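Chemist: Next comes the structure file model14.cif, holding mmCIF, C-alpha atoms.
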```cif
data_target
loop_
_atom_site.label_atom_id
_atom_site.label_comp_id
_atom_site.auth_asym_id
_atom_site.auth_seq_id
_atom_site.Cartn_x
_atom_site.Cartn_y
_atom_site.Cartn_z
CA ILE F 256 -65.50 65.20 -164.98
CA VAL F 257 -65.73 62.62 -167.88
CA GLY F 258 -68.70 64.38 -169.52
CA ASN F 259 -72.29 63.52 -170.48
CA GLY F 260 -72.40 60.25 -172.52
CA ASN F 261 -68.67 59.70 -172.07
CA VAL F 262 -69.47 57.24 -169.33
CA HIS F 263 -71.69 54.13 -169.22
CA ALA F 264 -72.18 51.83 -166.22
CA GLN F 265 -74.37 48.81 -165.46
CA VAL F 266 -74.97 47.16 -162.09
CA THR F 267 -76.00 43.62 -161.15
CA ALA F 268 -77.03 42.76 -157.58
CA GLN F 269 -77.12 39.41 -155.79
CA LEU F 270 -79.86 39.91 -153.21
CA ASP F 271 -81.11 38.12 -150.09
CA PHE F 272 -84.75 37.00 -150.17
CA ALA F 273 -84.40 34.30 -147.49
CA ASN F 274 -86.26 34.85 -144.22
CA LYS F 275 -83.88 34.26 -141.30
CA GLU F 276 -84.60 34.41 -137.57
CA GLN F 277 -81.86 34.15 -134.96
CA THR F 278 -81.71 34.09 -131.16
CA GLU F 279 -78.31 34.53 -129.50
CA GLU F 280 -77.45 33.76 -125.86
CA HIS F 281 -74.14 34.82 -124.31
CA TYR F 282 -72.79 34.00 -120.85
CA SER F 283 -69.94 35.99 -119.33
CA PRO F 284 -67.20 33.66 -118.05
CA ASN F 285 -66.88 33.37 -114.27
CA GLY F 286 -63.87 31.05 -113.91
CA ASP F 287 -61.78 33.81 -112.31
CA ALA F 288 -62.58 34.43 -108.64
CA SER F 289 -62.26 38.20 -109.14
CA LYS F 290 -65.20 38.53 -111.57
CA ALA F 291 -67.27 35.67 -110.10
CA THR F 292 -70.62 36.66 -108.59
CA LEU F 293 -71.83 34.49 -105.72
CA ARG F 294 -75.12 33.92 -103.92
CA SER F 295 -74.21 31.21 -101.40
CA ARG F 296 -70.90 29.64 -100.42
CA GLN F 297 -70.13 26.84 -97.96
CA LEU F 298 -66.46 26.26 -97.09
CA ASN F 299 -65.76 23.45 -94.62
CA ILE F 300 -62.06 23.27 -93.71
CA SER F 301 -60.49 20.64 -91.46
CA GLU F 302 -56.83 20.09 -90.54
CA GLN F 303 -56.07 17.32 -88.02
CA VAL F 304 -52.29 17.46 -87.59
CA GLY F 305 -50.89 14.55 -85.59
CA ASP O 3 -91.63 21.77 -87.69
CA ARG O 4 -93.57 21.42 -84.45
CA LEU O 5 -93.34 17.63 -84.75
CA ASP O 6 -89.54 17.87 -84.49
CA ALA O 7 -89.72 20.05 -81.36
CA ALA O 8 -91.82 17.45 -79.51
CA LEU O 9 -89.50 14.56 -80.44
CA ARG O 10 -86.21 16.50 -80.38
CA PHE O 11 -85.31 15.71 -76.77
CA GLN O 12 -85.83 11.95 -76.97
CA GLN O 13 -84.10 11.66 -80.35
CA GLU O 14 -81.07 13.57 -79.07
CA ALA O 15 -80.99 11.48 -75.89
CA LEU O 16 -81.17 8.28 -77.94
CA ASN O 17 -78.37 9.41 -80.27
CA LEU O 18 -76.20 10.46 -77.33
CA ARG O 19 -76.79 7.09 -75.66
CA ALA O 20 -75.74 5.31 -78.86
CA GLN O 21 -72.58 7.43 -79.14
CA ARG O 22 -71.64 6.83 -75.50
CA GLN O 23 -72.35 3.12 -76.01
CA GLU O 24 -69.89 3.10 -78.91
CA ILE O 25 -67.31 4.93 -76.76
CA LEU O 26 -67.71 2.44 -73.89
CA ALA O 27 -67.41 -0.52 -76.26
CA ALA O 28 -64.27 1.05 -77.72
CA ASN O 29 -62.91 1.29 -74.18
CA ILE O 30 -63.71 -2.41 -73.66
CA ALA O 31 -62.13 -3.45 -76.98
CA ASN O 32 -58.91 -1.51 -76.37
CA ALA O 33 -58.51 -2.81 -72.81
CA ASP O 34 -55.22 -4.54 -73.67
CA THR O 35 -53.59 -1.70 -75.63
CA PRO O 36 -50.63 -0.39 -73.58
CA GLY O 37 -50.83 3.38 -73.26
CA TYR O 38 -54.54 3.67 -74.09
CA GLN O 39 -56.52 6.16 -72.02
CA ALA O 40 -60.13 5.37 -71.16
CA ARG O 41 -62.32 8.10 -72.63
CA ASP O 42 -65.93 9.00 -71.89
CA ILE O 43 -68.46 11.80 -72.32
CA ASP O 44 -70.54 13.65 -69.75
CA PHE O 45 -74.05 12.75 -70.87
CA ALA O 46 -75.96 15.63 -69.27
CA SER O 47 -73.71 18.46 -70.48
CA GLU O 48 -73.59 17.16 -74.05
CA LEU O 49 -77.37 16.72 -73.99
CA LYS O 50 -77.70 20.37 -72.97
CA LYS O 51 -75.31 21.36 -75.75
CA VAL O 52 -77.16 19.44 -78.47
CA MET O 53 -80.61 20.52 -77.29
CA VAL O 54 -79.67 24.21 -77.03
CA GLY O 62 -77.75 25.59 -89.36
CA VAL O 63 -77.90 28.10 -92.28
CA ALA O 64 -78.73 26.10 -95.45
CA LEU O 65 -77.01 27.95 -98.31
CA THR O 66 -79.48 29.76 -100.64
CA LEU O 67 -80.45 28.03 -103.94
CA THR O 68 -81.36 30.67 -106.58
CA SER O 69 -82.31 28.20 -109.37
CA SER O 70 -82.39 24.45 -110.22
CA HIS O 71 -78.69 23.94 -111.16
CA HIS O 72 -77.52 25.64 -107.93
CA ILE O 73 -76.21 22.92 -105.55
CA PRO O 74 -77.74 22.90 -102.01
CA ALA O 75 -75.50 23.28 -98.90
CA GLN O 76 -73.60 20.05 -98.02
CA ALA O 77 -73.61 19.07 -94.30
CA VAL O 78 -70.51 17.64 -92.51
CA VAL O 83 -69.00 15.94 -78.81
CA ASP O 84 -66.02 16.32 -76.46
CA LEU O 85 -64.32 13.31 -74.87
CA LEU O 86 -63.30 13.45 -71.21
CA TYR O 87 -60.62 11.19 -69.78
CA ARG O 88 -61.67 8.74 -67.08
CA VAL O 89 -59.96 9.13 -63.71
CA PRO O 90 -57.80 6.01 -63.26
CA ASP O 91 -58.41 3.83 -60.22
CA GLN O 92 -55.51 1.38 -60.22
CA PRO O 93 -52.06 2.11 -61.68
CA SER O 94 -51.09 -0.50 -64.25
CA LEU O 95 -47.53 -0.90 -65.57
CA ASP O 96 -48.34 -0.64 -69.30
CA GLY O 97 -50.16 2.69 -68.94
CA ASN O 98 -53.63 1.24 -69.59
CA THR O 99 -56.22 2.93 -67.36
CA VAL O 100 -59.26 0.92 -68.51
CA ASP O 101 -60.98 -0.73 -65.54
CA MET O 102 -63.16 -3.74 -66.32
CA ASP O 103 -65.76 -3.41 -63.56
CA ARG O 104 -66.47 0.30 -63.90
CA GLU O 105 -66.98 0.23 -67.66
CA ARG O 106 -68.95 -3.03 -67.56
CA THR O 107 -71.41 -1.41 -65.16
CA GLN O 108 -71.51 1.74 -67.32
CA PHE O 109 -72.08 -0.39 -70.44
CA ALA O 110 -75.01 -2.23 -68.85
CA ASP O 111 -76.47 1.06 -67.60
CA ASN O 112 -76.17 2.66 -71.04
CA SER O 113 -77.89 -0.34 -72.62
CA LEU O 114 -80.74 -0.03 -70.11
CA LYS O 115 -81.10 3.71 -70.73
CA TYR O 116 -81.06 3.20 -74.50
CA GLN O 117 -83.93 0.72 -74.12
CA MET O 118 -85.80 3.20 -71.89
CA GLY O 119 -85.37 5.97 -74.46
CA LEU O 120 -86.63 3.67 -77.20
CA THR O 121 -89.66 2.85 -75.05
CA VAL O 122 -90.46 6.51 -74.34
CA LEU O 123 -90.04 7.59 -77.97
CA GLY O 124 -92.19 4.69 -79.19
CA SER O 125 -94.89 5.56 -76.67
CA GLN O 126 -94.93 9.19 -77.82
CA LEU O 127 -95.15 8.18 -81.48
CA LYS O 128 -97.89 5.63 -80.73
CA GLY O 129 -99.90 8.27 -78.87
CA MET O 130 -99.53 10.71 -81.75
CA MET O 131 -100.74 7.89 -84.00
CA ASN O 132 -103.83 6.86 -82.02
CA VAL O 133 -104.79 10.53 -81.89
CA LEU O 134 -104.98 10.44 -85.70
CA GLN O 135 -106.40 6.96 -86.33
CA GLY O 136 -110.14 6.98 -86.97
#
```
Step by step, read the file and then write its structure as structure tokens.

Modeler:
Amino acid sequence: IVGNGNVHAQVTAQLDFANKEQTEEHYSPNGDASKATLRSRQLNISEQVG
Amino acid sequence: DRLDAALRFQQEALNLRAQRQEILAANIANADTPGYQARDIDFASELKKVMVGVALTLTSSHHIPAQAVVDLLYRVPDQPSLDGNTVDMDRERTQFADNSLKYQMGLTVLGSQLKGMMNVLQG
């Protein structure tokens, strides 16, 4: 569109030459009883009405 | 464990004797309370019941292990008091002495069994 020679451009690049290593651990929240997965549950209930 | 099965009967008898001893001493202590009923346990039936559970499963280290947590029969009154107290001194004094004697006998038998199991091993 502009024509040969009717355009000039120059590019400079800031690069990344730093070696990085990352380990990510994520736990799904289980505070709601509906999405909570259980292995063992002990429920002792006592009601001594006088 | 097999060691528990051998000593289960005497341990349960000793514990039941201690519990009934506490109940009899409570009957003695509350002799003067008006309206107090003298309570007791049937030793043989409760010993059957104890002689005749599911630890919750621990998947890892953080998982918390399961946390752990008798029937009293009224004594038939002999003399009618006016304040409603049915505790009789003589009957429960004899029962108290008998329970003390049987607790000592159970201690003797359990100690003899443990001492025999020990001299089998010593050498």

Chemist: What would the selection look like, as a short mmCIF file (atom, residue, chain, number, x, y, z; two decimals) with C-alpha atoms, in the frame of the given file, if the PyMOL selection byres ((chain F) within 7 of (chain O)) were run on the coordinates I just shared?

Modeler:
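The file below, part-v6.cif, is the result:
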```
data_model
loop_
_atom_site.label_atom_id
_atom_site.label_comp_id
_atom_site.auth_asym_id
_atom_site.auth_seq_id
_atom_site.Cartn_x
_atom_site.Cartn_y
_atom_site.Cartn_z
CA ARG F 294 -75.12 33.92 -103.92
CA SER F 295 -74.21 31.21 -101.40
CA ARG F 296 -70.90 29.64 -100.42
CA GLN F 297 -70.13 26.84 -97.96
#
```

Chemist: When the PyMOL selection byres ((chain O and resi 48) around 12) is applied to the structure above, which residues does it catch, written out as a list in words?

Modeler: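 Evaluating the PyMOL selection byres ((chain O and resi 48) around 12) on these coordinates yields residues 14, 15, 17, 18, 19, 21, 22, 42, 43, 44, 45, 46, 47, 49, 50, 51, 52, 53, 54, 83, 84, 85 and 86 of chain O.
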
Chemist: Could the residues in this selection be written to a file with C-alpha atoms, as an mmCIF file, in the coordinates of the input?

Modeler:
```
data_model
loop_
_atom_site.group_PDB
_atom_site.id
_atom_site.type_symbol
_atom_site.label_atom_id
_atom_site.label_comp_id
_atom_site.auth_asym_id
_atom_site.auth_seq_id
_atom_site.Cartn_x
_atom_site.Cartn_y
_atom_site.Cartn_z
ATOM 1 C CA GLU O 14 -81.070 13.570 -79.070
ATOM 2 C CA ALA O 15 -80.990 11.480 -75.890
ATOM 3 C CA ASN O 17 -78.370 9.410 -80.270
ATOM 4 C CA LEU O 18 -76.200 10.460 -77.330
ATOM 5 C CA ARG O 19 -76.790 7.090 -75.660
ATOM 6 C CA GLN O 21 -72.580 7.430 -79.140
ATOM 7 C CA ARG O 22 -71.640 6.830 -75.500
ATOM 8 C CA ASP O 42 -65.930 9.000 -71.890
ATOM 9 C CA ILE O 43 -68.460 11.800 -72.320
ATOM 10 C CA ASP O 44 -70.540 13.650 -69.750
ATOM 11 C CA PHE O 45 -74.050 12.750 -70.870
ATOM 12 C CA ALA O 46 -75.960 15.630 -69.270
ATOM 13 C CA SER O 47 -73.710 18.460 -70.480
ATOM 14 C CA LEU O 49 -77.370 16.720 -73.990
ATOM 15 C CA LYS O 50 -77.700 20.370 -72.970
ATOM 16 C CA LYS O 51 -75.310 21.360 -75.750
ATOM 17 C CA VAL O 52 -77.160 19.440 -78.470
ATOM 18 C CA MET O 53 -80.610 20.520 -77.290
ATOM 19 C CA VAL O 54 -79.670 24.210 -77.030
ATOM 20 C CA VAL O 83 -69.000 15.940 -78.810
ATOM 21 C CA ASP O 84 -66.020 16.320 -76.460
ATOM 22 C CA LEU O 85 -64.320 13.310 -74.870
ATOM 23 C CA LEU O 86 -63.300 13.450 -71.210
#
```

Chemist: Atom CA of residue 28 of chain O to atom CA of residue 16 of chain O: how many Å, to one decimal?

Modeler: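 Those two atoms sit 18.4 Å apart.
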
Chemist: I need the output of the PyMOL selection byres ((chain O and resi 100) around 8) for this file as a list in words; which residues are they?

Modeler: residues 29, 30, 33, 38, 39, 40, 90, 98, 99, 101, 102 and 105 of chain O

Chemist: Which value, in Å to one decimal, gives the distance between atom CA of residue 71 of chain O and atom CA of residue 277 of chain F?

Modeler: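 Going from atom CA of residue 71 of chain O over to atom CA of residue 277 of chain F covers 26.1 Å.
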
Chemist: Take the point (-50.3, -0.9, -74.2) as written in the file and pick out every residue within 8 Å of it, counting only C-alpha atoms; give the list as number ranges by chain.

Modeler: O: 34-38, 96-98

Chemist: Interatomic distance between atom CA of residue 128 of chain O and atom CA of residue 12 of chain O?

Modeler: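 These atoms are spaced 14.1 Å apart.
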